[PDB]
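J.: Need a 3D model of the following:
(5 chains)
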Amino acid sequence: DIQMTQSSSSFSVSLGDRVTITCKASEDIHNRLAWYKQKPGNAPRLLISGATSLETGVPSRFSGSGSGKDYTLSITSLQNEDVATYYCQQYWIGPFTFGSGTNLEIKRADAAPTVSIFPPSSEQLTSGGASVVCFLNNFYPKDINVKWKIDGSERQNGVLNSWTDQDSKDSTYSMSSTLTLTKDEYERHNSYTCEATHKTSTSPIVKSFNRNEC
Amino acid sequence: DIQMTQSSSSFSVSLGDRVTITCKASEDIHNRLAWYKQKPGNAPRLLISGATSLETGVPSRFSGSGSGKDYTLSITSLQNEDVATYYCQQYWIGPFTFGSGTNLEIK
Amino acid sequence: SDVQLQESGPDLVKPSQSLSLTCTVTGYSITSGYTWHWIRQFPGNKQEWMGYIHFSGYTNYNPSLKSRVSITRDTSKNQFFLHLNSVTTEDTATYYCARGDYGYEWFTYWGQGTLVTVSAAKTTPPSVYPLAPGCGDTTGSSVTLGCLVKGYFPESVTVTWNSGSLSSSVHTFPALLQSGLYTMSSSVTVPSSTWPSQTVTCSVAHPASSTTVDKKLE
Amino acid sequence: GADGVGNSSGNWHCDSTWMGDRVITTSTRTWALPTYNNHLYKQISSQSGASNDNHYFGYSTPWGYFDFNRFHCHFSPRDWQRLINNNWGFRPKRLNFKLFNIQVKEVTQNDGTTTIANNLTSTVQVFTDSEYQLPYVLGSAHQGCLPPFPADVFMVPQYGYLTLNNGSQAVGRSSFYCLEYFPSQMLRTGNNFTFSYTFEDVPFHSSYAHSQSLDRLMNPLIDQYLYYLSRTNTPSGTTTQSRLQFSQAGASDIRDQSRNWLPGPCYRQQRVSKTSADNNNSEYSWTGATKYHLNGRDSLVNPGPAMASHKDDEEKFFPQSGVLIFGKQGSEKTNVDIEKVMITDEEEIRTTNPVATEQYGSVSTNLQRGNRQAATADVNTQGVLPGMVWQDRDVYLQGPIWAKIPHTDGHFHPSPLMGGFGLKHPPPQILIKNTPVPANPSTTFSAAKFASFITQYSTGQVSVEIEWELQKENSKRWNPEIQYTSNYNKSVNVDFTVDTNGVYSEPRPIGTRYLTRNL
Amino acid sequence: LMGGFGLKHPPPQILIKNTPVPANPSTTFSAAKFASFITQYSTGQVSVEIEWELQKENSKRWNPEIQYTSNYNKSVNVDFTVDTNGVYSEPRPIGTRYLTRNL
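T.: Numbers count the residues shown, from 1 in each chain, chains lettered A, B, ... in the order given. Below, you will see the structure:
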């Protein structure tokens, strides 16, 4: 099989900028190469075929070039619609093979996270479990940290953190952090706190609640 | 003697991940290369022989490839049983020689 | 990113079983032109080309898959099918059907894709818990609520919100596996003047176990 | 022949011409040759444990050989068609071979980067075993012959052979032949190696099918004059009373008619059907297959003695090992599904040789008498008998062409069983190796065997032309014969063509019997 | 129809290819089609000479015939010449009928 390798695994870019992606083949493809675009949670779409021919309806901003082993895809001025992962595909010989893909995150200004803490529900406590959650919504850049403290002391075990994909509109990120304990352990303490540490400040955004307040 | 050199001395990986180990020979072995797995406090076990043939009872997740000087062992999705050190061995000529080994710590 | 074509099939399949998927095409006829292909994407990211069926009915398959793949067609229905036998866990992926502008080039139209998970792991429905404010202060202008969807297995659940406000902000957090089970969450922000006052409910659907649970907040 | 560096040692001859009686198929292809066993002879044997029926002992050599014992290395669909459509038969007469434009390269895998370059001086040596002192491997249906399709470049096979063995171990009588113990001719570039051969009077392969058949052979219109036993007992009021009466075989009587010759011999095979359903479910692949056995190891009986593959109306069946089976371009090596292969069919013979799956006849068992009913039993294995007559396995374009008749005290009708021409002294084995290149030696002397050579391989083209004779048709048959044609109807791909990704492929196996001669 | 000389057996097609160069093969045998060749191309010159016959004029036409000329007036570039960046270029298509014969 012919192996295709794509250059940058990921790029971040904003509307208006020019981006270039590269794809090289293990053997001479003879311009039988196509480029596809894939949005998150979406299927791929055909941008270019024959290395340089634009598919119908594709905007002129997209262009492709290359020959032999190396090909390139260029986007003159990025548009919001442009966020997606791009794959190159060779159809010189079977089996057809795809490149690893390049993720283009288009989306911005720094934004501090809106933080919210949530105690365990009665339904979960009934089943013997106890999960405390903290949502850190609409922030940028992506890198963020959450510290869980039970009665002032950190807790490292029982944590699940999930970041969302970059927002297609405002280009911010959100993160959900859940600390799971048993109902027994949970009822052994009062104050539950999550501290969000982000670039937008020196002092962490801190939220908490006391288990005997109800 | 033919000298075998194994790539990563150590790797850490968790169940489910894919791992690749490399072994290269000082001279052309002609695919007379075998891969063994050794658990701590345990003796080695034969995974693959003839560079690509799986031993009986070995799961399909393990695979080997290579030719000439360079060979590779790949584990598609690591399993808990998979933690161990892996050695390559050449049986092209006597004396048979082994690689330095790659320690895979799964957890 | 964008396209047309629709795939259908079971979300869950037991290992040694066979996977059968159907692709229904609209706006075009399976005969008369183009080759219809099947491609799959493992959860990590890569795309893999499975094989195709021509307008004439001729088929070609990827050599890796060849022994256990079969692609067929039903012209009357305008559907083409994929059959993959001796499924393994590795087979878990999203399967797409696509048209191939043929002759010189390739895949012009793609389907939505269907996620197929191969597990015996046992299918487990999620436990849905409502996330309502825990603090000693009444909310300001707006309020954030959520729903934790925990310990389910075959991936893919869908959280749908129902609120008073005709305007809200929703965040669906990507599912992550820990100890063999999935957990995910979702949040909604609405005007404070519309929640305790007007009911907000999350509806969680898990097709794999034929379940749907609605949780009213508060 | 000899010359310079910037001089093509030979041109590219790849024609095919018909002369009415002869026809010469010339053909050239580009090839490549690595250095095997890293230059050494290696002893090789079965795997200790391995079933006994599968033990062996022998050697593999640093030598690679050449081979074109496949009809399609000379005929091109079209051509073959010409032949096969207007000739009662044909046979090979002479041949001419030539290697040339040899070139030796040397790869350099410096770190993460290889770099091939010309090692002008270094050589490749060739030599033909024209005295048959080497274990004749060709004819063993191995694969590494010439590409059917010209444009295809190929790799030269490596020579290996087998001697005696007592299980996985050697037995003294077993010999060890060393390929350097021959006088190889050494070529450098600008050097070519030609050589020519002449076949020996062999029989034209019968490329026709029979219109009559043994049984139905006499003239309907007239009853014979010889009598046969019509009835045994006879009506005696209520009960029968034995009273043998005889009749004179006529048309209505046929089955009973007296004759003069017998169908070919047989060795019963299991019947399997192309239709998954019918076939008993289980593993009788080995257990049920027809075989024979030497020195206690049962081997398989493939290409069974030539015998028709199915009675009228049963193209759906076939012998378990009574036919030739080729892979559809691409088909993997093991346990591939029926849809991946092309099974040959030999119905054409039915007319003379027995059907593989069904017994020869049925001989009588006991001797009957008043107090003893007449016995009888079917025969599943009939060795040659006087008066027997038969036909040999057809050929197939992509089939073997010939085979060496083993040097023994006795042979019986040597048409090779896999089909082809049985030759006493077949086209000699042609070998080729790359004289080693000791890579940098140490300043201080050492009498050890040299082990560090320059990494390098060779390449260059080879050409083979052969002259075949023909036996033209000649029947007063009024109505049209059958001919081999290509389907009219449209298709996504032409047969015997390169697909969209330039992969040549033979759609079906093409036989040889189409023209119809009477028996 | 596109104009020219209609030939039954025209100048035969001349073809050219570069005999392939299998780049480094593996030590252990494989009967697959060779797919890894040395990357390389060729070059060199070619020459073509042709002899044409002519039918010379011969009319008693008194007054001057028309002839094909190049414009007298100055120009930034000569016709059928290389520009400033050495790019040869044919300004106009030049026919063949100029001389005048009676019908």
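
J.: Next up, phi/psi of the residue nearest the centre of chain A, please.
T.: For chain A, the residue nearest the mean C-alpha position is residue A:165 (3.5 Å; C-alpha atoms, centre = their mean). The phi and psi values for residue A:165, taken as degrees, to the nearest 10, are phi -70, psi 160.

J.: For it, which non-adjacent residue is spatially closest?
T.: Spatially, and ignoring its direct neighbours in sequence, residue A:165 is nearest to residue A:40 (4.8 Å; C-beta to C-beta, 6 or more residues apart in numbering or on different chains). Placement of C-beta: from N, CA and C, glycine included.

J.: for the chain, what spans make up the helices?
T.: Reading this off chain A. With helices called from DSSP state H, chain A shows them at A:122-126, A:183-186.

J.: switch to chain D, that's the one I care about
T.: According to DSSP H, the helices that chain D contains are D:77-85.

J.: how about the lengthiest strand in it, does it reach chain B?
T.: If you go by DSSP state E, chain D has its longest strand at strand D:87-106. No. Applying C-beta under 8 Å from any C-beta of the partner chain, one finds strand D:87-106 out of contact with chain B, separated by at least 14.1 Å.

J.: For that strand, name the packing helices and strands.
T.: Strand D:87-106 sits against strand D:117-118, strand D:124-128, strand D:193-198, strand D:205-206, strand D:430-434, strand D:457-472, strand D:515-517, with contacts defined as 3 or more C-beta pairs under 8 Å, 6 or more residues apart in numbering or on different chains; DSSP states H and E.

J.: Could you check how many residues crowd around the one residue in chain A that gets nearest to chain C?
T.: Going by C-beta to the nearest C-beta, chain C is nearest to residue A:39 of chain A, at 2.9 Å. Per other C-beta atoms under 10 Å in any protein chain shown, the neighbour tally for residue A:39 reads 17.

J.: now swap in residue A:51 and tell me
T.: 21.

J.: got it, and residue A:175?
T.: 23.

J.: For chain A, what lies in contact range of chain D?
T.: A:92-94.

J.: ok, and which of those reach chain C?
T.: Restricting these to those adjacent to chain C (criterion: C-beta under 8 Å from any C-beta) gives residue A:94.

J.: Now flag whichever of the residues of chain A next to chain D is closest to residue C:52.
T.: residue A:94 (9.5 Å; C-beta to C-beta).

J.: any idea how far residue C:39 is from the residue nearest to that closest one when sequence neighbours are not counted?
T.: Spatial nearest neighbour of residue A:94, chain neighbours left out: residue D:501 (5.7 Å); criterion: C-beta to C-beta, 6+ apart. Distance of residue D:501 to residue C:39, computed by C-beta to C-beta, to the nearest Å: 18 Å.

J.: Next up, the contacts around residue C:182.
T.: C:126, C:151-153, C:155, C:157, C:175-176 (C-beta atoms under 8 Å, 6 or more residues apart in numbering or on different chains).

J.: Checking my notes, it in a strand, right?
T.: Yes. Counting by DSSP: H, G, I helix; E, B strand; the rest coil, residue C:182 falls inside a strand.

J.: Identify the bridge partners of it.
T.: Assessed by DSSP bridges, residue C:182 has beta-bridge partners residue C:152, residue C:177.

J.: how close does it sit to residue A:203?
T.: Here residue C:182 is placed at a distance of 35 Å from residue A:203 (C-beta to C-beta).

J.: cool, and residue D:113?
T.: Applying C-beta to C-beta, the value for residue D:113 to residue A:203 is 53 Å.
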